[PDB]
């Protein structure tokens, strides 16, 4: 009584994969067959299901219109067609027989690793500053590699609005940006200061580098 | 100096949607025009780029071949045809004028939301247990809803291995499990006991409900 799984590997975003399990030692035709995945360092989560070539296929929402479950009863094989793969699809995939009141998932595949992957990293600290108006705000943005030409820029976002430009070229202020907003740093230690805080200033602040053709963003520090 | 965005809305997986920025107030036929996007709760992330007639056109890895950026200079318009849309494409979409050393992303569209759209919750405690052999262990699993037919199983998973069925239908110890393992409880309070810890029992333990059409798993308990 066993399921032999096959497939997986490294792909680039937007690629395709197929998985498979062949069942040995039980009645594939009456079993329900499910798929279940575990992201690295995480727990288990269900992907898709199919019954007795019923067919009556069921899919988790994350994978809808991208993934496709199918079975070949004559070949005792379950499949999972995986299209337009996203980084978020990275995980160990298992096939499992569903026994219901008679075993739950009693037969498991061993697991195959499906990894999706393809650069300057911006790291803001802290994630959160609780300050009061008038107080100073000092946001760090540290780069994994030196930002040439000091092509680093800060934006501000207020909920439901587009982002607003603040500093560009490290320390150059934008069209209509108050002087309490200061940008400084060079190379990889950039730092935005708000010398005293205004009530409107309470928002999320992102940093941005355009020193290459792959533009990147920090995660935002939030100010409260 | 303006970008007037239009388009978007709610679509089902595999749907189609074209966006539009109409340019006013500058020499549009010569500007570098980008598209940027923010998925709800997350931060900014670049999407696409277009510039003069002898320039390249750039797409983020996760969109290539589905989205198509274009432009009608004669009508001062930027487009983004989006095809084969999927949940992970759910986000607010912005157009922006790129200024580089002269200001980076210095003009934006207001943004339009694009949403692509077509459960019992198990909670384990404690999350970690450091014990020595001979001691007894006690692992909880609570169900947000009530598990019908007490259709709740327990699995063991060791370092990098598929999981192993321990208990099912609440209390049924699977063929081959030491009798120091017992599962008990019903409704929403299930609990599994390991009465004399052998060293080989040290691993992670999951729980699972198959009562409904959307199976679910607890987070796991680590026993050390």
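Rule-based calculations on the coordinates, nothing more; no lab input. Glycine also receives a Cβ, built like all others from the backbone with ideal geometry; neighbour counts cover every protein chain displayed.
Distances between copies at residue A:128, taken between label points 7 Å from Cα along the C-beta direction, are 2.2 nm in increasing order. How many percent of all Cα-Cα pairs in region A:101-224 sit more than 19 Å apart? Counting every Cα pair in region A:101-224, those more than 19 Å apart make up 52 percent.
Residue order for B:200, A:45, fewest other beta carbons within 10 angstrom first, comes to B:200, A:45.
Across region A:139-181 the C-alpha pair distances fall into 5 Å bins from zero in the proportions 5, 20, 25, 24, 16, 8, 1 percent.
Comment: the Cα-to-Cβ extended label point of residue A:75, at 7 Å, lies 4.8 nm from its counterparts in the other copies, nearest first. Calculation over all alpha carbon pairs of region B:1-118 in 10 angstrom steps from 0 returns a P(r) of 14, 49, 30, 7, 0 percent.
Placing a label point 7 Å from the Cα of residue B:81 along the Cα-to-Cβ direction, the residues of region B:31-53 whose backbone N falls under 17 Å from that point are B:48-50. Partner shielding of B:39-45 amounts to 4, given as the average count of beta-carbon atoms from other chains within 10 Å of each residue beta-carbon.
If r is the Cβ-Cβ distance from residue A:127 to residue B:70 and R0 is 41 Å, what FRET efficiency results, to the nearest 0.05? Using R0 = 41 Å, I get an efficiency of 0.60.
Inter-copy label distances at residue A:15, using a point 7 Å along Cα-to-Cβ, come to 3.1 nm with the shortest given first. With the convex hull constructed from alpha-carbon coordinates only, the protein assembly as shown shows a mean projected area of 25.5 nm² over all directions. Note on chain B: Kirkwood radius taken over Cα pairs, Stokes-Einstein applied at 20 °C and 1.002 mPa s, translational D equal to 99 µm² s⁻¹.
Judged by the mean number of other Cβ atoms found within 10 Å, the most tightly packed of the peptides B:11-23, B:206-218 leads the ranking B:206-218, B:11-23.
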